[PDB]
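Line order of the protein sequences matches chains Y, H, P and G. Per my numbering, the very first residue in the first sequence carries number 14; after that it's consecutive. Per my numbering, the very first residue in the second sequence carries number 14; after that it's consecutive. Per my numbering, the very first residue in the third sequence carries number 272; after that it's consecutive. Per my numbering, the very first residue in the fourth sequence carries number 14; after that it's consecutive.
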Amino acid sequence: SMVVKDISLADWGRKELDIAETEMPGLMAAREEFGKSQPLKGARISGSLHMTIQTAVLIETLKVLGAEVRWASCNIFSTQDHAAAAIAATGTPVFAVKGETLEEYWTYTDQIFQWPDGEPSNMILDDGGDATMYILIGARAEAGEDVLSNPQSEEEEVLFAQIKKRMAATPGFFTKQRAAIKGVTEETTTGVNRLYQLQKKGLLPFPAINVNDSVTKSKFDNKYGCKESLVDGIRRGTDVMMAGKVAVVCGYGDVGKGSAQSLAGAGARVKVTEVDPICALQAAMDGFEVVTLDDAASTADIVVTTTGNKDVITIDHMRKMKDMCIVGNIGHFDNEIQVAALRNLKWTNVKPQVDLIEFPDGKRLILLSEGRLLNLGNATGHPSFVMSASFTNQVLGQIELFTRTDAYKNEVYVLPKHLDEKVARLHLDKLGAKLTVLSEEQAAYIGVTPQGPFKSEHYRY
Amino acid sequence: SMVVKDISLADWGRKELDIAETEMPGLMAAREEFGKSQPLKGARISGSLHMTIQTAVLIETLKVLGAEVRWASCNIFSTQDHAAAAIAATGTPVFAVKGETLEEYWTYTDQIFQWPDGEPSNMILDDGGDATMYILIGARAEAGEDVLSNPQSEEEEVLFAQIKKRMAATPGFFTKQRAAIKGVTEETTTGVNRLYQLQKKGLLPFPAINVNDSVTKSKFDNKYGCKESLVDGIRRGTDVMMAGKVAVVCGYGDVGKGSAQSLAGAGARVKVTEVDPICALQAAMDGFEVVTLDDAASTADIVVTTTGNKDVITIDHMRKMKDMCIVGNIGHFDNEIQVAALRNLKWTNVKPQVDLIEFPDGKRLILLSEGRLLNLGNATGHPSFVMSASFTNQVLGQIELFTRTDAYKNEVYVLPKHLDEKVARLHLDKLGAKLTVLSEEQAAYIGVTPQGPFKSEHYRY
Amino acid sequence: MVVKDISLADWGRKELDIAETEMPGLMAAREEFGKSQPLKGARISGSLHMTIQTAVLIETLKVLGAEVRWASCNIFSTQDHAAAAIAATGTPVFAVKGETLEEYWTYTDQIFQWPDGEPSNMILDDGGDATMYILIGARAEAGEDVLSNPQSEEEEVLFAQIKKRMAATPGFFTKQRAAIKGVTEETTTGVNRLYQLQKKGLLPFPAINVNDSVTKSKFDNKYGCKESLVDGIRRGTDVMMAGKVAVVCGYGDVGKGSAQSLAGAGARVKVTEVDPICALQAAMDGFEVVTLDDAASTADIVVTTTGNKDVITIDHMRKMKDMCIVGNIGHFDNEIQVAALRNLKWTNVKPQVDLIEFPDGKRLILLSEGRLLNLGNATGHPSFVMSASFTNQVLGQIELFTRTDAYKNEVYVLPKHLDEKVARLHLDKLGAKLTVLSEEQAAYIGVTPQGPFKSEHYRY
Amino acid sequence: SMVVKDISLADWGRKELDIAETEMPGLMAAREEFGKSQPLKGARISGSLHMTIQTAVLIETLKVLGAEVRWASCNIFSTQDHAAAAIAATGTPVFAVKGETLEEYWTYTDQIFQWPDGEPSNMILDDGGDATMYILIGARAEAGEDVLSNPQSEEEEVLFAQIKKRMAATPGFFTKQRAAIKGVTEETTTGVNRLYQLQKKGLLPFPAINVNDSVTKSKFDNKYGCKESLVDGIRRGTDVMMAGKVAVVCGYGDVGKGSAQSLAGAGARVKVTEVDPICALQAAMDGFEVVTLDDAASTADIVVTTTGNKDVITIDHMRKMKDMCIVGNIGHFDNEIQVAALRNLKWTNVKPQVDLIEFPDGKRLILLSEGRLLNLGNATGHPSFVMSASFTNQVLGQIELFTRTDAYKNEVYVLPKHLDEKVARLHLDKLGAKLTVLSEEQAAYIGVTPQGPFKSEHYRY
Ligand SMILES: NC(=O)c1ccc[n+]([C@@H]2O[C@H](COP(=O)([O-])OP(=O)(O)OC[C@H]3O[C@@H](n4cnc5c(N)ncnc54)[C@H](O)[C@@H]3O)[C@@H](O)[C@H]2O)c1
Ligand SMILES: NC(=O)c1ccc[n+]([C@@H]2O[C@H](COP(=O)([O-])OP(=O)(O)OC[C@H]3O[C@@H](n4cnc5c(N)ncnc54)[C@H](O)[C@@H]3O)[C@@H](O)[C@H]2O)c1
Ligand SMILES: NC(=O)c1ccc[n+]([C@@H]2O[C@H](COP(=O)([O-])OP(=O)(O)OC[C@H]3O[C@@H](n4cnc5c(N)ncnc54)[C@H](O)[C@@H]3O)[C@@H](O)[C@H]2O)c1
Ligand SMILES: NC(=O)c1ccc[n+]([C@@H]2O[C@H](COP(=O)([O-])OP(=O)(O)OC[C@H]3O[C@@H](n4cnc5c(N)ncnc54)[C@H](O)[C@@H]3O)[C@@H](O)[C@H]2O)c1
Ligand SMILES: Nc1ncnc2c1ncn2[C@@H]1O[C@H](CO)[C@@H](O)[C@H]1O
Ligand SMILES: [K+]
Ligand SMILES: [K+]
Ligand SMILES: [K+]
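What follows is the structure, given as structure tokens:
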């Protein structure tokens, strides 16, 4: 009916939720505005998104708006057990344990679609595309397409076996559920990229709102969020001194940028790697030495990958690294580091999400969260405030695709700027940030209304 | 023939160009790449752009590409005399003096179009849109439209007089010149906004390249440039101690962002104003107190405007200010501050571009560059390296519109991403910034090619 | 031995393996003095936060020949896995995270109770509690009225512990006092206490002020707090730093580190001070300098760093806004008027995190019940910076044990050449390459190429 | 009665003062607090200190507190002629002309001891110790010691010639002047050095206050002052871009620490060299790479020296540097850089205080101020606020010695901490910094009084 680590943690979860709500004015404002109206009454939402305290506040907001939901995490180490307990105790089905196996993970992703009345979900709230991919690959398998062979990875084999179990247990499930989905809201860059791949190949059968690319998501969550929680995760994992140390940051997109500020602000000296010349130029301009990991690996104290790509930190890199160098990843998936390549070496667990890996020559590495997003694995992810900006976009995205589904075609959308502006505006008071108002004449003079939007569609901020 | 302050400054100018070239790899790469093939042979370029050492390197670069140019500055205080002189000494006609009057400014603007063979220019390279407007408003006047009446500013009246003057001396001039322009490239936000007004009204009769919105322009020039050059201007103008002082930055776009960094990085404590809630939330997140000038004026030590709007610092604000508060503008035009409203009071010149204005109660203000761009007025504007990234776009813009004019409609375009990435790429070596190369598998994995472009069309960086 | 759970020892040992690679000072001292055993015969009573870092120190003192008995100097600052690892070696330790006041003082007394019945001969102290216990006890034994009118609950427990000891083994305090060759004192608040003793003629043995080594006060107190303040506030509250206003009370070494901690994490810092010079430094460093009276009502975070008392009062706490976070990183829990909060409704959120509700409904988040939140809510300063602090401790123990007769009953600091050696020992770890003076250069500036490089009272 | 370059420039001097005063709250507040009580009535002060506008404000402050004064520069080139003029217009004897002869210099030093009533000085206010040493050496000569033979330098022969001139002219002048000095204050490290040697050899015949080691003066000059004026100097000189650049700072004392902050704050990436392991460890902990100039020279873009040593940047380093490396000294005071060693290479002057030096292989260097102090050479020295903190120390020292002469032995003393604190208080209000007051209970608790001093004699702050 629910799967959590320990239901007795509910009370603790609840207390922290009391606190988080005072930090999340966006979601609370959505409860005020849409509670009575109940725009999501009739919504049947399967959520796949880090089961944190922040996600719990979102979940309860969705419910206040009329939705029924079933939830699971989008990572095996990112759950906050007391958050999961507190949500479970309300009766909302949740399947999320910090430290679950891969098999369990896919079992749980499946569970979010298994409603008691035997009818399907009609909405997906996704982070990384795992729930979306599960349905769409499932359905194609059910249509006879050969899509469950030649598994590239362990994780992929486990995903396949889970699709096979579901096909056998309830034939027609995927087909039926693919058709039942009114729309999906996608939270993160890696997820959005998967959406665009689908659209480009004509494999997206319903509309998606790209939540990541709201300005109040990508330029806040991905950047400030990582600034807050990257060093947090490293610190809890290792308790290492930042001052005096060299940290190499692989990638200089939004996450990479935030990550560099996280480390720099703590006193580490930051070096950056990149493949995009524009982002690399930014990094240099921002004061950072721009290197390759091939050149910088053997003298780094800390190495962090932020790319969304793969094989960024390889076994060759890790052999060069000096004793006790700290290795971690804060991009969505664990393949940015070649962890699988380290499995034939001697591992000593230090504590949860902290492992000492020993090379033939006696050199040791400290690996965080087994190569999974270390901010959520080693700590608690992004603070409540920033998550409020992200999740308010999520709420608006859900309202759009559920209540105005016919306005949308089978493609990836972003929310309109006036909504983006609304989201930021909701978070200003909380910080005691006083906004100036344009005179009618000033607005005229620069080509806008006093009410906004204030920028052209593709302004970059 | 030419008009500069003092032709004997040429040697100094020349020595600073030898140095400046080592700081502008973008422009020097273009000379190597397009020198022999001479894509601008037959170009007759009228340039209206701050006549600085940086612009001088651009001018020589355009000549090396085959172009013949005639130049003027786009601001009465922004010239560097020794740069103007070095350019005049090569025989290129240049009409720019630091501290020219309004009348002189328009006389020079007109001169850039007066070729010795009596034939019109065929290209414009513009910053602010003054040279473009002149031709266009002049042409309309010639067609009998009533565009020369009810002038709002002293500046508007002198522009009208100059247009009439030219109409009488050489009838048909504006119309024959309008028709002869193959294209215009526009440098800055305020100019680009003017262009969009035109296009919108159907009043753009040729293609325009919006250089401002190149990523390697807006996110570098407008941000990092002002970071370098705002306090530079304030220090040269006032020698005030920064640590311990409170500065108010009005606006938090690309310029306000850089301006804030400029002051903070020098030790001042920075408060920010904004009308855009997303930009305000960025400023609060960046650790700045977000206030209204109404509330903050009376205790500020420094007040700077960066909006490109008008009437941002009013007479009411300046009244509230404390004795010796420094006031400046770094947006494109002198109407952001209500300087006209100060003409009423007792001025005392302190030195070039620094005035002490005394209110009735005896309260004094220090006004910088008479409320015009203080970075260029009180110092020398942005350093060479950043102007190289900015100006390398200009050169590519000219090459496009001059060699491929038939591919463009009467609209505002931006350069393609691959060119933006090229520009960045040409600046990496100068900084010892070494780029990583995607493996074939890696590029496939994220949906790009190893040669780029690496980001979707509207990626915000 | 008393620890939370001896089964944590393996975990503690793994983190010691790691900590050692971060603490080259201590490991160097093992190399230099291990065979020579300068502390052979030393019987050291240690009262210092029983963290992983302190565990590396303890093992270093043992490599040098010492026998030790250890207790923490704060009820919340122990890391149970460190305590366990140390206990597993056979070294007597008495330290549990979350001990009661009564337990604390039982453990402080335990560090002086050796199996053979003979007294300790050295004290390694942090905050002065172990030193005060012996000194106040010995005066009570000599008949002085020093155990009356207790001014706090904690003071009451101390008096009862002293009375309990005098009853069990009469004469213990007098004999232990006389048996102490010397004490080394780690922290500002402890040193302050020593100076008060010396001024009154109540210091009966030499003390090394380890806090005022440049490689301690200008590193530990500053960089240490830079690293660990925000750490403790994040683990306790997971609050967003960006966009928030934090008021730091005090701008000495710790207050300076603390401001950097919060600012570098995104918070906007305002600072209070009583010392005009320190205030001017704050303003020069870019911080708004305010009174808490004025700033209290709009702050999001308020942190005290003074070593003083009654800095954050009931009146301030009344003015604060709902969900304001309140903590202290000075040595003692009286900087904040915690006791004045005791009749209000408290709800525990989790260890060292409490929600306190006022009559009007306004709630505050108090960290570690007003005790050092870096050690309370996280794990204190990182190993590297503590290696600097603890290498000074080792050198100070060696001094007062091996050369006791060269010191009078006063507070001393280590000579500059030892201070420079400590810094030197930590350079390689960071890949910091030092330049060497030419003979002529040295002469030109009035030094030798070997150092010391600065005058006695150079401020750095 | 006065020697200045042009009494005509006096009105302009005054206009400069009006501005500078508003930036020197310390000295001004001194005037409001002590003006009425006239604690320097009866003072007859002989001053020797760079005759700048800042020093003019100091001077007038001394007169406001009742002091009668005669003044000269402590340097032949430091005099700002309109300051002198403004001061001589007061009726105050000033003997200072920018560019004065060495002979004339000593003649002006003598003139500050020649009062028209024929009686002697009773106080010396000194920077560098030339005015103190002149009286003391002269008096040793008049007591018959052989001290005017064996001049080490031709600059010393000017000294000795000048004492014999005065000895011959008015027998006993020196003996009687030495006996009349109540006390002297000293501003600089070199001046203190000389005095402390007098003291060690029983040659110090009166109390001296060492002001250089006040916290509010050593920190304000050395660190905050150089923080404000380093990057400023380098910009005015080269207009180079800081962002993206590597700057090597030689030495990490107070001047080095400020210099590092100046550069990092402007966007440069700072490396640091040191011989002192404590300072080096400070640098690494402040997040700077700690290197030897030997290793870092070939890739530096800016190298600045701050050591106060000699032969810091040698010809061997300069040969290794890349083309267009900028090289400067902010220490003291020439000879940190081996400039002379470069005199055979091709020098091309770019403008005042900026020289291009070319090596045999075409490698050029940009050298600032010929390797002398660049903050004075290319900028305008330290800001007024900075100098206000430092000159307020002189004042308080003067009051202290003049009014409590009896409390002092003939030794060098540092300024009492309560006065150091007083200096700070005097600047707090201008900054808007509000001081908290200890309760009587809090004060006893920590072992001080509510009035301070608040720290022990050797607290390092
Ligand atoms: N942990 C979190 O809380 C969190 C939050 C947001 C996003 N993410 C994840 O982080 C990843 C990155 O997100 P983003 O918003 O920064 O995307 P982004 O595209 O803005 O930036 C990724 C950057 O990595 C660079 N890159 C790619 N391959 C590289 C390589 N081999 N070496 C060096 N650089 C390389 C790209 O040029 C790009 O600039 C995604 O997986 C995203 O889903 C995680
Ligand atoms: N001097 C220079 O070196 C330089 C360089 C680049 C651009 N500019 C000029 O600076 C101006 C700003 O350009 P930008 O690139 O920053 O454009 P931008 O649109 O990114 O920034 C303008 C910002 O000002 C804000 N704003 C508008 N009116 C306001 C008001 N009344 N009060 C407070 N904030 C207000 C807007 O919300 C906007 O975010 C333009 O005129 C541009 O041409 C100057
Ligand atoms: N938590 C830790 O890991 C850690 C580390 C080192 C020191 N400490 C403790 O921190 C405390 C401070 O030590 P420090 O080394 O910074 O001492 P310090 O003397 O250098 O700093 C204390 C400052 O507080 C100021 N102050 C005093 N009362 C004040 C008041 N009522 N309001 C505002 N400011 C006031 C003083 O002027 C002084 O500048 C001591 O208790 C010390 O033992 C803790
Ligand atoms: N330009 C100015 O406005 C200004 C102002 C004050 C002082 N100064 C001058 O600056 C110099 C330094 O002053 P300070 O207050 O920093 O004194 P300081 O003694 O505090 O700093 C000197 C530092 O230089 C280091 N050093 C010495 N030789 C070195 C070498 N070969 N390589 C690397 N580091 C070396 C020393 O270890 C010491 O830490 C003095 O000569 C002083 O007169 C200049
Ligand atoms: N504490 C958190 N709770 C929920 N989601 C988070 C948290 N921190 C980061 N994320 C989200 O996780 C995604 C990374 O997979 C990002 O898109 C981000 O929005
Ligand atoms: K969190
Ligand atoms: K420039
Ligand atoms: K620790």
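The C-beta atom is built at its ideal place from N, Cα and C for all residues, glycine as well.
Problem set entry | Partner residues on chain P for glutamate 434(G), Cβ-Cβ distance less than 9 angstroms | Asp546, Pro547, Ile548
Exercise. Is there contact here, the stretch 475-486 of chain P with the stretch 666-686 of chain P, by at least three beta-carbon pairs under 8 angstroms?
Worked result: yes
For this session: Specify the secondary structure class of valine 609(P) as computed by DSSP and reduced to three states.
Result: coil
Problem set entry | Members of the stretch 270-284 of chain G that neighbour chain Y once the beta carbon cut-off is set at 7 angstroms | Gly280, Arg282
Problem set entry | Assigned secondary structure, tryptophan 617(P) (DSSP; H/G/I helix, E/B strand, else coil) | strand
For this session: Measure the beta-carbon distance from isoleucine 100(G) to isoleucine 72(G) and round it to whole angstroms, keeping in mind my assumption that it falls under 8 angstroms.
Result: 6 angstroms
For this session: Would you tell me roughly how many angstroms separate the C-alpha atoms of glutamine 210(G) and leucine 216(G), rounded to the nearest one?
Result: 8 angstroms
For this session: Specify the secondary structure class of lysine 214(G) as computed by DSSP and reduced to three states.
Result: coil
For this session: For the alpha helix (DSSP H) holding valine 327(P), just list the boundary residues, first then last.
Result: 323-334
For this session: Please confirm whether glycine 305(P) and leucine 696(P) have their CB atoms less than 7 angstroms apart.
Result: no
For this session: Counting only runs of 3+ residues fully inside the stretch 35-116 of chain G, write out the beta strand (DSSP E) ranges in chain order.
Result: 57-61, 81-85
Exercise. For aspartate 252(H) and chain G, any beta-carbon pair shorter than 7 angstroms?
Worked result: yes
Problem set entry | Reduced DSSP secondary structure (H/G/I, E/B, other) of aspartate 139(Y) | strand
For this session: Verify the contact flag: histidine 330(G), CB atom, against every heavy atom of ligand 4, threshold strictly below 6 angstroms.
Result: no
Exercise. Which residues does DSSP pair with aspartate 368(G) in a beta bridge?
Worked result: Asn362(G), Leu380(G)
Exercise. Do the stretch 158-168 of chain H and the stretch 96-111 of chain H meet, that is, are 3 or more Cβ pairs less than 8 angstroms apart?
Worked result: no
Problem set entry | Residues that DSSP places opposite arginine 282(Y) in a beta bridge | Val259(Y)
Problem set entry | Own chain residues within Cβ distance below 7 angstroms of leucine 138(H), not counting five before or after | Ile58, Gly60, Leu62, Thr198, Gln407, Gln411
Problem set entry | Nearest neighbour of residue 10(Y), chosen from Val70(Y), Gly157(Y), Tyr121(Y), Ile176(Y) [CA to CA] | As displayed, chain Y neither begins before 14 nor continues past 474, which places residue 10(Y) out of reach and without an answer.
For this session: Alpha carbon to alpha carbon, how far is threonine 229(Y) from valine 450(H)? Give it in angstroms, no decimals.
Result: 31 angstroms
Exercise. Shorter than 7 angstroms from the beta carbon of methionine 64(H) to some beta carbon of chain G?
Worked result: no
Problem set entry | 7 angstroms Cβ cutoff, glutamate 241(H) in contact with chain G | yes
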